[PDB]
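[1] please find the sequence and an experimentally derived structure below.
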Amino acid sequence: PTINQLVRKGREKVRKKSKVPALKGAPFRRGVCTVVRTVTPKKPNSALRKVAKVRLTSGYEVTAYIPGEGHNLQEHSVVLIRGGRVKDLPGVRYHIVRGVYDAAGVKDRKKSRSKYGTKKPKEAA
Amino acid sequence: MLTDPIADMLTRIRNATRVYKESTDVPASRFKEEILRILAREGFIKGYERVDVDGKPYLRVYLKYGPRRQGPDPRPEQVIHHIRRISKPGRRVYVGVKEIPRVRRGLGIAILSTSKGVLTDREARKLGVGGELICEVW
Amino acid sequence: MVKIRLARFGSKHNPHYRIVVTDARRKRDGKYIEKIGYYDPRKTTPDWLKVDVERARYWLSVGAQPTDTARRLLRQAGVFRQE
Amino acid sequence: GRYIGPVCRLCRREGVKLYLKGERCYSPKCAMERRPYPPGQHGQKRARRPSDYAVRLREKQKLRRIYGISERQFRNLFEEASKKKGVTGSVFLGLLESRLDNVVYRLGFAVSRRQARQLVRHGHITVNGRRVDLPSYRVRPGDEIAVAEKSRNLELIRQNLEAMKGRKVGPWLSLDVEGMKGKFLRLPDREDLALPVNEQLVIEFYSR
Amino acid sequence: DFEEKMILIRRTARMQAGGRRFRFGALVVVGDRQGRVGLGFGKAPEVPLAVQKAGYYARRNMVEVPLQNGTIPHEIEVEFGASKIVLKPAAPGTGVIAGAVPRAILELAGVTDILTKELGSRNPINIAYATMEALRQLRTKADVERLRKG
Amino acid sequence: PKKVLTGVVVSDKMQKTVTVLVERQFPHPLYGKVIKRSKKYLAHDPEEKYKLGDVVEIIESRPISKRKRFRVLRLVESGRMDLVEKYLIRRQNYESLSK
RNA sequence: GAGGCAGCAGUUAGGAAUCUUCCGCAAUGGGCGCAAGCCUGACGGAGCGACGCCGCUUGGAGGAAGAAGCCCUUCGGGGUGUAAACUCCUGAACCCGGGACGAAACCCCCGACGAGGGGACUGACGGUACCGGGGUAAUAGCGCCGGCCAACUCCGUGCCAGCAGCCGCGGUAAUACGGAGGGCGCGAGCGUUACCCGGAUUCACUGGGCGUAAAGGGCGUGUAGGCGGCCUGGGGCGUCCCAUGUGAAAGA
RNA sequence: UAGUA
RNA sequence: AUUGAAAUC
């Protein structure tokens, strides 16, 4: 564009927006479950992928994924959401933090332990 | 009519040299002359001279190249590899003496118009004056 | 009423004052009118007190009561010592 | 802190003989005399073409793992260099060399930097008489690095000076052997050290 | 002597009835680290010969690198197709700061202190040629002097 | 120094007051081009001494009104009802500009 | 009728989340007072929280052709590994002793209620810092190892359970899942999520574009606006130069 | 007809 | 059962 043009019009800050309405910035949000289901994934994958619907203290209601190999979550469970999508489950854009509130850590979990919220075992100690 | 007589000139020169013409005209202005003498003095053109063609004043600019080169494509190296207008009528450009640019670790030059007159960058640095950053060559 | 006085710089257990003139109503470590010296109560440098003593005399001359302890120091560098 | 754990194990892994035990990593086994290849199951297996990264990484790990130092600490010195006047690469080496815990080593009072460290931490050492216990203390030129006249009688100090009785030392270090004191003449110049490491790569690792 | 670092290998592919048919591509520099580098592109059924060919072609293609103390005379920018490269002189202490491709040319040329930027299409091949043509376009006080004399 | 500006009178249809159009020009902060720009001032004329087209100096002054803050210093040149014409055109330009 | 913590503390509510209802006016500073002093949750300190930065510790030197255990194995072997055990040496913690600077003024006396000289009182932090003596081998975790990117083998599992920042892994031999051995990277931290700049010359002033990739207005007329040929002279608004004033402190 | 070159 | 499946006996 001519300079006169730029002078008349300027440029424009593209500022594309949040992938996570966990509202008020909020690195995490607290929520209560509503529905714990199981979901068929997509694209080229197959498995019974676990996931919850959550009523949010931000006023929102979102499906959030339940990581870990097995879980203790039913209807009125009250949980903490962390964000991070699934990818194979379209429309799932938040994860549940394991080991906070009524969502237990994962049992018999030895490797990537701080994720999955599983305390240090003393079995080798 | 012509929108930038100076820029047109730099171009006429640019265009002539790439087909290796021995000479070019450019219609004549005193300000054009003043730029030419720099190119001349600083070794980019063999020289200019005034002529009147079809009854009107032009400046015949005599271009200057290298030796016929070796392998496939013997075309000579250009003496003027890069002549470029800076302060166009659209966006006028002015450096003060502190901001006068040094074209190409010195191997270049920047014709630059001041109240002390049309100057190279070192000339103007030495005279201690800034002005309209006209163009640059190398 | 403008005052010669001490402002506190340095760190915790590292007091370092600045002999300053300032309107009395300003904060201790607030903006000041002029720095006219400094003072290290711990004398950890061989130079732990200094005063532009011409200026000290100026500010007095236009009237500017020093804190009782800021005048103690002005004395030390003979702000008031005459003849 | 520091490192903790297996040392003449990185003697290996880097692929160049590190002196990290002092006396032994020096005498018919820093394991480089026995197994000069990296540790673990996949040790004496065929290497692969290492990456332009991998290369710059190990060289840094090499340089740092020599001087026994924290990555966090290492990296501060590096940045602390660069902006400082002159050739970054060397200067860094200079500053690394000016660490007490290492001067003490360089000056013979100890056999390893690791052991040299402990002498500093336990106040067995002095700089210009005043007792210093910081392995990080930056020794400038003219400083005298004494032994604690209080610690002189240790079996370790005795034995480790009797070795340097004849031994010659650093073209930037003086050493009175009997009164157990030494001097920091000047910062070394890259060439003063035969460091088995290319500092230019270490510059590159912290550029990307 | 001539040092030789390989920048890129790739496996291309054509089609013949029933199945794919592979080839290989070799980007290799050679240099004396004293103002002489060359670049070559070798293509062959199997990697080794592609590499070995690249080597051969590289030596067949060498360059003037006026080496005003570990850096280069002035600042060239060069566009090769959609790839641009900018070269900027640097004082000692700096380093070769560039991408894997311009670097390993610049290094084997006996450059140690240089500032660069791959701009536009960063395709390595095109990047590589650009850089050479950048080197191949560097001039010095002397040559400019000779040029403008007459 | 009381800022002294010079513009064109583009209205005297007020009692003891003239609207003055001061034009200013400068290097655009980002884009370099020298752009022009302008501002009308209400200037105090106790003798209704100036009229349409006079180019006048103008001085920063003690407040006379809400928005009268300048008095008319001297007159630089009469005529110039071209500049006036240009202001008037830009105005009725805006007429053919709504919905 | 009474009231108005967005003073210091503290309570409660909202929240993913934010401290002690602490000590002292000893210092600095403010108010009043001729003064002695009185007031001061300004302040000066201690408390809590890896929330951040910095320093330091969990040892140092010896020590097998190499214990056992566990992991591989082509059944000879390879690895964890100088690592440990074990021998010497130093001696974080902890015990005892001593012990601050921070505070010399206002005030009194001399001199003259001035200058100058002399004297007295006063420490919250605190029996803390620091010094001297004694003295114990005394804490390690977290992330990662398909490519990008540094680090690989064996079981389990069989489009399941699960992983996944992007590209993509899993359908009975999975370096990608879960586990173990090993290895890489950091280290009183290591990860995660959120947000900002970067890379992104991906709003391009420096520094981009529009035949087919997104992008020429369906075409004109001409409003404001942008832009303007060759020569001379005046003005000096843009532009340039010199001096000078300003650009507080902190920060860099 | 799905994953799969 | 077929092929890893979906479908189908």
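    Arrived safely, thanks for sending. Numbering: from 1, shown residues only, chains lettered A, B, ... in the order given.
[2] list the contacts for residue C:40?
    Taking CB atoms under 8 Å, 6 or more residues apart in numbering or on different chains, we find residue C:40 in contact with C:15, C:16, C:17, C:48, C:49. The C-beta positions use only the backbone N, C-alpha and C, and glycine is treated the same way.
[3] ok, and the most crowded of those residues?
    With neighbours set by other CB atoms under 10 Å in any protein chain shown, the maximum within the contacts of residue C:40 is found at residue C:17, which has 20 neighbours.
[4] that one looks like it's in a strand, true?
    Yes - secondary structure of residue C:17, determined by DSSP: H, G, I helix; E, B strand; the rest coil: located in a strand.
[5] so what's it up against?
    Shown in contact with residue C:17 (CB under 8 Å, 6+ apart): C:6, C:7, C:8, C:9, C:38, C:39, C:40, C:41.
[6] same thing with residue B:119?
    Taking CB under 8 Å, 6+ apart, one finds B:38, B:111, B:112, B:113, B:127, B:129 in contact with residue B:119.
[7] which SS state does the closest residue to residue A:94 other than its chain neighbours fall under?
    Distances taken as CB to CB, 6 or more residues apart in numbering or on different chains place residue A:64 nearest to residue A:94, at 4.3 Å, with adjacent residues excluded. Three-state call for residue A:64 (three-state DSSP): strand.
[8] would you agree residue A:64 is in contact with residue A:98?
    No - assessed by CB atoms under 8 Å, residue A:64 is found out of contact with residue A:98, at 11.7 Å.
[9] which one of those two has more residues nearby?
    For residue A:64 against residue A:98, the residue with the higher neighbour count under other CB under 10 Å is residue A:64, and the figures read 27 against 23.
[10] ok, now which ones touch the more buried one?
    For residue A:64, the set of contacting residues under the criterion of CB under 8 Å, 6+ apart consists of A:31, A:51, A:52, A:53, A:54, A:79, A:81, A:92, A:94, A:95, A:96.
[11] now do the contacts for the third one.
    This points to residue A:52. By CB under 8 Å, 6+ apart, the residues touching residue A:52 are A:33-37, A:63-66, A:73, A:77, A:79, A:96.
[12] which helix or which strand is home to it?
    In this structure, residue A:52 is located in strand A:49-56 according to DSSP states H and E.
[13] just the contacts of residue C:17 now: which is nearest chain A?
    Distance to chain A across those (CB to the nearest CB) is lowest for residue C:9, with 36.4 Å.
[14] and that closest one, helix, strand or coil?
    On the basis of three-state DSSP, residue C:9 is classed as strand.
[15] which one of the contacts of residue C:40 is nearest chain E?
    The nearest member of those to chain E, counting by CB to the nearest CB, is residue C:16 at 37.4 Å.
[16] okay, now the residue nearest to the closest one when sequence neighbours are not counted: neighbour count?
    The shortest distance from residue C:16 to any residue that is not its chain neighbour, by CB to CB, 6+ apart, is 3.3 Å, and that residue is residue C:10. A count of nearby residues for residue C:10, using other CB under 10 Å, gives 13.
[17] neighbours of residue 17, how many?
    Using chain A. Here the neighbour count serves as a burial measure; for residue A:17 (other CB under 10 Å) it reads 5.
[18] look at chain F instead
    Residues contacting residue F:17 under the criterion other CB under 10 Å number 20.
[19] ok, it touching residue F:41?
    No - Residue F:17 sits out of contact with residue F:41 when judged by CB under 8 Å, with a separation of 10.3 Å.
[20] can you list contacts of stretch E:69-85?
    If you take CB under 8 Å, 6+ apart as the criterion, stretch E:69-85 is touched by B:104-105, B:107-108, E:65-66, E:86-92, E:102, E:110-114, E:116-123, E:126-127, E:129-131, E:133-135, E:137-141.
[21] what about the one residue in chain B that gets nearest to chain A, which helix or strand?
    In chain B, no residue comes nearer to chain A than residue B:91, which is 4.7 Å away by CB to the nearest CB. Assignment of secondary structure by DSSP H and E places residue B:91 within no helix or strand.
[22] isn't residue D:39 up against residue D:14?
    No - between residue D:39 and residue D:14 no contact is recorded; they are 10.8 Å apart, counting by CB under 8 Å.
[23] any idea how far stretch E:20-29 is from the chain center?
    18 Å (CA atoms, centre = their mean, to the nearest Å).
[24] buried stuff in it?
    Neighbour-count burial for stretch E:20-29, with 16 or more other CB atoms under 10 Å in any protein chain shown as criterion, is recorded at E:24, E:25, E:26, E:27, E:28, E:29.
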